[PDB]
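Engineer: With the input below, show me the fold.
(2 chains, ligands or ions: 1)
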Amino acid sequence: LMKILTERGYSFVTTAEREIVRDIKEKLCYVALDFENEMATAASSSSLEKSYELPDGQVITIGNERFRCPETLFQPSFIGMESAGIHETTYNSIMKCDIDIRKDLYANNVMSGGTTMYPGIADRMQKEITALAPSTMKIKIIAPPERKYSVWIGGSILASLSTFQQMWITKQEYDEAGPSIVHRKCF
Amino acid sequence: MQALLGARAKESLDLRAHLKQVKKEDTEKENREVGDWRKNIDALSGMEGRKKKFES
Ligand SMILES: Nc1ncnc2c1ncn2[C@@H]1O[C@H](COP(=O)(O)OP(=O)(O)O)[C@@H](O)[C@H]1O
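Structural biologist: Numbers count the residues shown, from 1 in each chain, chains lettered A, B, ... in the order given. There you are, the coordinates:
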């Protein structure tokens, strides 16, 4: 996003500028369920632009840059990565599991982490897998408001489970073994 | 002259009737395992909100 905003006349190269672009992205960007058609109009008219107030009183608007940024999730080649996107990797993780597993993973595609908060991501990912998946199978995405905070929440859940109280390394075992103990006791 | 054909046709029938009667008596005496069951569902129509678990 910083490089394409530079293309539009908004060059952000220092730390304050970088932190600001991240904030702009979080509030203005979306994935688009059809990149090329969305771009055809975003690149042609101000009607698909959204404004942002910069901290110094200046303003910026974002056009196709608004969706080209998250598009890298579907097209990693945008940043120089040799990859077909997060939906191909999701597809392969389902496909590479045993044949009696595949049906359950297709129906339980879980979005987690941040960036899951770009509008349309929960739906585009179901579309992209459905397009690769066999027919008959149900493809479904799980995308709760507990998105981006799901790892922390999982930590809270796990730390407090009765089924997890035997998984903790105590500060006894730790000193006898040293920190390498984590590879035997945790994961 | 026909006494033996009568007796022989009858012996065959009595044995066949015996063998069929034995499997038929069990077929008719008990018949629950040969039937079926409701196999009902959950639905969760009373699920008006989240559960007490940290996972819900
Ligand atoms: N509305 C949003 N639009 C685009 N990206 C987002 C949005 N919300 C969060 N993200 C991005 O997700 C990342 C946060 O990663 P995160 O999953 O929360 O790591 P952690 O689980 O350790 O907290 C940041 O790069 C942030 O900009």
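
Engineer: centroid residue for chain A?
Structural biologist: residue A:115 (3.8 Å; CA atoms, centre = their mean).

Engineer: Roughly how far does that residue sit from residue A:154?
Structural biologist: According to CB to CB, to the nearest Å, residue A:115 stands 17 Å off from residue A:154. Quick note: C-beta positions are derived from backbone N, CA and C, even for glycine.

Engineer: ok so, going back, the residue nearest to the centre of chain A: helix or strand, and which one exactly?
Structural biologist: Assigned by DSSP states H and E, residue A:115 falls within no helix or strand.

Engineer: Residue A:129: neighbouring residues, count only.
Structural biologist: When neighbours are defined as other CB atoms under 10 Å in any protein chain shown, residue A:129 has 20 of them.

Engineer: and the longest helix along chain A, what does it pack onto?
Structural biologist: Looking across chain A with DSSP state H, the single longest helix is helix A:15-28. Packing partners of helix A:15-28 (3 or more CB pairs under 8 Å, 6 or more residues apart in numbering or on different chains; DSSP states H and E): helix A:2-7, strand A:50-53, strand A:59-62.

Engineer: which of the residues in the following helix or strand past it are buried?
Structural biologist: The helix or strand immediately downstream of helix A:15-28 is helix A:35-42, counting by DSSP H and E. Buried residues in helix A:35-42, defined by neighbour count with 16 or more other CB atoms under 10 Å in any protein chain shown: A:35, A:38, A:39, A:42.

Engineer: Against residue A:117, how distant is the last one?
Structural biologist: Taking CB to CB as the measure, residue A:42 falls 20 Å from residue A:117.

Engineer: Then residue A:71?
Structural biologist: 16 Å.

Engineer: and if you look at residue A:36?
Structural biologist: 24 Å.

Engineer: what do you get for residue A:132?
Structural biologist: 24 Å.

Engineer: Give me the number of neighbouring residues for residue A:62.
Structural biologist: 25.

Engineer: tell me which element the spatially most central residue of chain B falls in.
Structural biologist: For chain B, residue B:34 is the residue whose C-alpha lies nearest the centre (CA atoms, centre = their mean; 2.2 Å). Residue B:34 belongs to no helix or strand when elements are defined using DSSP H and E.

Engineer: ok now do it, which residues does it touch?
Structural biologist: By CB atoms under 8 Å, 6 or more residues apart in numbering or on different chains, no residues touch residue B:34.

Engineer: what about whatever residue of chain A ends up closest to chain B, neighbour count?
Structural biologist: Chain A approaches chain B most closely through residue A:157 (4.0 Å), counting by CB to the nearest CB. Neighbour count for residue A:157, taken as other CB under 10 Å: 15.

Engineer: can you pull out the strands in chain B?
Structural biologist: Assigned by DSSP state E, chain B shows no strands.

Engineer: again with chain A
Structural biologist: A:50-53, A:59-62, A:109-110, A:141-142.

Engineer: who wins for proximity to residue A:78 among the ones you listed?
Structural biologist: Taking CB to CB, strand A:59-62 is the member of the strands of chain A nearest to residue A:78, at 15.9 Å.

Engineer: Quick check: the residue of chain A nearest the ligand.
Structural biologist: The ligand sits closest to residue A:114 of chain A, with a gap of 1.9 Å, by CB to the nearest ligand atom.

Engineer: Alright, calling it a day.
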